[PDB]
């Protein structure tokens, strides 16, 4: 299996630099180029550059003076670095490999790295329960969740029962509060008959602040 795996998301200050690592498996960097593409709401997908098999690089015109791509063939890692960042560089950055060593038919993609460019400081979330009620239980189904409040930057990831509970989960898009901090909620609907015995824990991970929080969500007498 060809796989590409990227380093975690993070916050960078305007005028400073970002660094992303792409670790590949299932092929050798000595035989394929690795490309970098970014995606932002408002600029679409944008190809950034490539490091070829033999180490030559090509950088797209907007980036020739502030982009550097190098690699470690022996460890199957590609290093993307971009300088002099401004707000409009906030984006999800992807590495990708083409079908053919010389081509641009991107059959394999990393999972993406959300880089936020802003002068603000990182802040981890507070997590509060959204308890299932009794007057709210609708025909053998109950709703419960977690409120993930006051964090910066995006993203947070939410799972339930460490990934064992996926059915009926809705993790909502974050909203930017006037304070400049994000908030989101994650909910799940479950059998009412289960509420007594089955435990429900939301797992919130905020990598920019190295925050990991588990929150047990319980009925109330």
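Residue numbers count along the first chain shown, from 1.
The PDB entry reports B-factors from which the mean C-alpha value can be compared for 106-114 and 138-146; the larger average falls on 138-146. Comparing the deposited coordinates for 185-193 and 50-58, the stretch with the larger average C-alpha B-factor is 185-193. Annotation for 205, 15, 25, 19: 15 ranks highest, by Cα B-factor. For the set 88, 77, 126, 122, the PDB entry puts the maximum C-alpha B factor at 88.
Per-chain ranking of the deposited C-alpha B factor places residue 174 in the middle third. The deposited CA B-factor of residue 34 belongs to the lowest third of values across its chain. For residue 164, the recorded CA B-factor ranks within the highest third of the chain. Only modelled residues enter the ranking. Placement of the Cα temperature factor of residue 1 within the chain: highest third of the modelled residues, per the deposited record.
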